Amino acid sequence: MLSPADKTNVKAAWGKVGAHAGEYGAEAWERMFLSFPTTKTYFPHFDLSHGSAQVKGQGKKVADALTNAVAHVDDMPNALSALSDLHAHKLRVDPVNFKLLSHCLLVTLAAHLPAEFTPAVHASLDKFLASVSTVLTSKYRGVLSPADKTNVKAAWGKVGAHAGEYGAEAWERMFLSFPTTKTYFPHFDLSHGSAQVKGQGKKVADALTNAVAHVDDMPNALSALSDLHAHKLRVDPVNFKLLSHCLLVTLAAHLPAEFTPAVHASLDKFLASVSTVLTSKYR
């Protein structure tokens, strides 16, 4: 979460950017189109050659929006509310791409701000751009609606006493399908039927049962686990999306009736909210 020290560093860096915001913004877009060509799929209607008016205009628009973000960093969701709607409902850019632009904005500022681009300012800027990206993508699907909460409680109620059982299967599925997650468990027997995997699955299922019961107050209900993952276990956040998918596959295989398209959508949203809470204190 952005601290006032974080906000102080961003304001200092962006102020130094000043009236170059536009030029630098254009440069950041040019760098992304060259380094990550898949991003050009969102601009078939643009002349993407170097120095093009369209690219310069995109750069300037993005820079002014970032300036507005900087100037209202304590109220970002409301500052960028129109832009969040527009990316969510019209542009419909896949959220992975925001990371790629963020990286190219950091490379641009680094190349232009040798004095200011210290390790702490780098860290603060990275957090700032991830916060912006989160706010720009927060209406793609949105919070958990009352329909969502109903669907989740309906499906999880049906899980019932099998919570532990399905938890263990979810982990088994993940270690087999995504072998890199095994690096966080060098001290376990990971063979099929392992009691260590079973105990891990039940713990996680018990935590999920708690979140379901506290679906309106998850950050407090999950607080100690958020602390633990962030400060001790220190699991890279990419891994939470992998377990979430494996939980979904497990539910699908055991709930033929219950796993409708609508319930699928609600569960995926739920697990992403859980994952967000669990990684909220990493930085």
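For every residue, the number given is its place in the sequence shown, counted from 1.
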| item | value |
| --- | --- |
| Given 200-208 and 139-147, the range whose Cα B-factors average higher in the PDB entry | 139-147 |
| Stretch exceeding the other in mean C-alpha B-factor - 246-254, 60-68 | 60-68 |
| Most elevated Cα B-factor in the entry, residues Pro179, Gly193, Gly160, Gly167 | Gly160 |
| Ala221, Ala28, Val238, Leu228, ranked by C-alpha B-factor: the highest one | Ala221 |
| Ranked C-alpha temperature factor of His103 among modelled chain residues, by third | lowest |
| Chain-relative CA temperature factor third for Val96 | lowest |
| Within-chain third of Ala110 by Cα B-factor, per the entry | middle |
| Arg173 CA temperature factor, ranked by third within the chain | lowest |
| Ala13 by Cα B-factor - lowest, middle or highest third of the modelled chain | highest |
